[PDB]
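Below: one protein chain in two forms, given as structure tokens, structure 1 then structure 2.
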Structure 1
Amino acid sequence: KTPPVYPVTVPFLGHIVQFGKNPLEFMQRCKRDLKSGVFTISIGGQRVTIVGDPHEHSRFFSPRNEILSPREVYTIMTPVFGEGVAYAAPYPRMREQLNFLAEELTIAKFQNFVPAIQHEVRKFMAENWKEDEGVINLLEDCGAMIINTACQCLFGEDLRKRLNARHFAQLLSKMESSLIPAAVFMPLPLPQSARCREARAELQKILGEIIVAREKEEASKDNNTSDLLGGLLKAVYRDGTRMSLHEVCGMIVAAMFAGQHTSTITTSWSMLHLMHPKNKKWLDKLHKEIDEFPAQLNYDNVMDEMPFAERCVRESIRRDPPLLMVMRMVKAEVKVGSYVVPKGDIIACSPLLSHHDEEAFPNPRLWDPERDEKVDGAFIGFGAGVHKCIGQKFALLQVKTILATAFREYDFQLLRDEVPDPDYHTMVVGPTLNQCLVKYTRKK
């Protein structure tokens, strides 16, 4: 009934060093030996059960919060967002908040986002690269465009005056450094947390000033309105109470914190694969889809007249997933396949491992946009079941618009021998930085 177990040498540390070493091979090794998609590591004296069989994915995403709580595994962000936030609040209360945020991001509000994106990317592009031939670092250049572009989308004219794009990105960085690597459960705000403390206060203060001047204008029936934040102001709690500054501040940061890293990486990988002598066959196929539109795109042609472009962004995520793995605690015993897991254990499901199973994908390491899964429910890049990612629709529309606006004017060329390798150092994994140098050209 119990799952198979791996044997450790030292009692003090369980397979921690092996993790630091590339874990893709490590995890594969085990699966081939114990011949099973389910086993337990027991890391650092603390058992951890991995579910790594495409067939069993539903036994893990389908179950409710009372049986499997997410609050406990992630407890460090708690410290970052605000006090008593998500995972920082009662489930009945938390569940409520997710919904207000979700409504903000919907197809019903994408109407005016497109043309705004093109402007920002063109502004930056025409000033940052000016010579006919130049050398730039892609990974560093996709990060600037992602940040400056969202704000055009979600911040009000008056809110951008008191906060520029550049400055804001710096503010987010300080909070991140608070992240502690190797801070394994279990061990508290440290000096790096002292900076994190300051950053939010400065962000909390500036919010108040924009409100006072907006209300008088909000008074008088100001015509524009439309701010997501404004939409957030109206929100009414179920019992019958309105949101406090503290919480609003928290939600906003959340939105901004989640988007930047993941989208950037996704964009970066997509341009590399696409500029290589090998992947030439599919480079034409793209031009066969972007040489009909005018110089000014509109909502329609990007949502429904760009099907294939969407097939490229997918394969990229599938092959090199930004997020290594998701986890949760077991408040009660749960059945899995032909085995069962006791109570008080830690169970995890890995996108990285699943995307490399031979049964679902014939060749895991190859890059093909026209491939299809042989087993239904294998991919799970954007998550699944009850916990499904929200920014999905938004991130895609933004990523697609960028690709479209760049290949139309510039032609890129990679200097290195072959596509860059992954770097497992950080917690959110993207391509290695020193291999990203590229040379750009210009048509016409």
Structure 2
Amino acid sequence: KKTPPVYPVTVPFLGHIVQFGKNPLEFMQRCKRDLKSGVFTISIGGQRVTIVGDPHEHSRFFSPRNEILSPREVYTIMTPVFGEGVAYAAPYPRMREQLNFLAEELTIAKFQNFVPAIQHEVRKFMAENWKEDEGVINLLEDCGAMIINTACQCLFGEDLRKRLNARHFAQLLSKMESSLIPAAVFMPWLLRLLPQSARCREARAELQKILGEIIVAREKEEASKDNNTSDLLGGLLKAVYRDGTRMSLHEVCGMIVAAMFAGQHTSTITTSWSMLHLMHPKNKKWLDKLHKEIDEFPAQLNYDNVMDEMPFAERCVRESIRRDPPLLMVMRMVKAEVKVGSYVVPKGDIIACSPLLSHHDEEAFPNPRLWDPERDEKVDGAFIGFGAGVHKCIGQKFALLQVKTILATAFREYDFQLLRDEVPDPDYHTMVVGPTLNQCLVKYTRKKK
């Protein structure tokens, strides 16, 4: 009934906060290499943090119920973003229902309009921003704009996109977002109630009231039948809890924020990496192979084109998430003892499973730093870029749609070149990890026939 060994702590209260904050990949690896155990504990803020660094053992982390292993305590930090009693802040039965309602809004049934809607906004953005035959842009920054744009198009009804537009909205997000401090989960007391938080306060409330407005409007056009609007907001209003109740404005607001917040960063980063590797000259063959798959498409693309007819592109995307998972760490609060291989993990520990670590296990992913889209996880379940089990990603399919879609539209109507020797080094200093902002400059060369 014993622990994984604990890495030596040079200074107790810090634990390993420094070498962790500086390069968590190198660090966690060494812990692994020296400890010689995939599974090991580290001290951060004097907090037992046991990382599951063995691909075989993932099922352990993901399979267990929240009651046994709970996200909530860990993920409190979102609550201001999402709201009181929204998602994790909410009781698990409810949070589940909410997540489900959302998940339904993101099934492939809804996707019918999306590919065209997304392609439109990308072509808009390009023409307004890539006006010249050549030119230089920040790829991470542009992609960010393309994502929030194409998303709103995808999940926002006309009227809502009238009162509220993508660029502004992005601004609102970042405003609520700037509020976050990552340290906080492990040490939640730092969250107990913080300067811009008010902005998240105001950022959110502003949004909320806009909607509260929007709703009143759409209620009084059912009489007409004027529009049958089934955008994300639509669905959420038509949802009913089991107990027969409905979602209060706040919960609706929370769930839309959460939806948009997640995709925005995770997706824009994914897009960016993916393009980068492809652009790079070493990756010619892959770039060429990409083409062999999208050259023979009509300019206007449909659903069949993207899911069923771009297997490979999707490989590039997944490989990109494999090499540099946007979310380094997933976590639970061990609320009861759990077996993990030959070890046990004590109620009260903090238990994590790191895509970042796992994606660089050699058994599973030899030479991980190599971006090889045609590589296949050597150990089943190794890849966890979208997590697994109960709490696996719901946005996964929609995201793949957008990134895949964006890749096709951009590359089809453009070429590209990295303004550097080598693909950008990730920047581990952000809550969600993306390539380093300053190096994401590149030259766009238009194409013509």
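Start at 1 and count along the sequence of structure 1; that gives the residue numbers used here. For clarity, a rigid core is taken as the largest C-alpha set superposing within 1.5 Å between two forms.
- In the core-superposed comparison between structure 1 and structure 2, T225 has its Cα shifted by at least 2 Å.
- A displacement of less than 2 angstroms separates the C-alpha positions of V428 between structure 1 and structure 2, with the rigid core held in common.
- Core-based superposition between structure 1 and structure 2 puts the Cα shift at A395 at 0.3 Å.
- Once the core of the two forms is superposed, the Cα of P181 has moved 4.2 Å between structure 1 and structure 2.
- Taking the core as the reference frame, the CA atom of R214 shifts 1.5 angstrom between structure 1 and structure 2.
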